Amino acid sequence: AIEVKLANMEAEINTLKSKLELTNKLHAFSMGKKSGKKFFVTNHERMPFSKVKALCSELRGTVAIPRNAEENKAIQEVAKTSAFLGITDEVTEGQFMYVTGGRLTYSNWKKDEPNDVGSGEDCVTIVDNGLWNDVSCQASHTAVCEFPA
């Protein structure tokens, strides 16, 4: 009977795993995830870049990254205020790279930016109208995470 109980339990587990996946899909849906698109979410908390990266990492997501105008607008409507994007030029000044790998393709810089102000600005925030401004990674901005499509 032991092997039977085990098989029945593996069946329960398979069912439970599917149920949890459904819970995740309904949650993503209720928070705006569009079909076939990445899911963007925020708690409206402002913190230094390293903390945003750590936070999204803990949720198994990454710092929000706009790969085109549509995604940029999506992030813009989720944030409501200045928010960090998963982009920095920490390696080579002026060479923005995604924190998940690869050179920046789509960009939406504000007039006169990036300007690597004062002691330097190697992080990026999306601001008003959805435009971009480089800022200090130590500055506190809104944490917005993204999850895969």
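All residue numbers refer to positions in the sequence shown, first residue = 1.
- Note on 125-133 vs 17-25: mean CA B-factor is higher in 125-133.
- Higher average CA B factor: 108-116, of the stretches 83-91 and 108-116.
- In the PDB entry, a CA B factor belonging to the highest third of its chain's modelled residues is recorded for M31.
- Ranked within its chain, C145 lands in the lowest third, by CA B factor from the PDB record.
- Annotation for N68: C-alpha temperature factor in the highest third relative to the rest of the modelled chain, per the entry.
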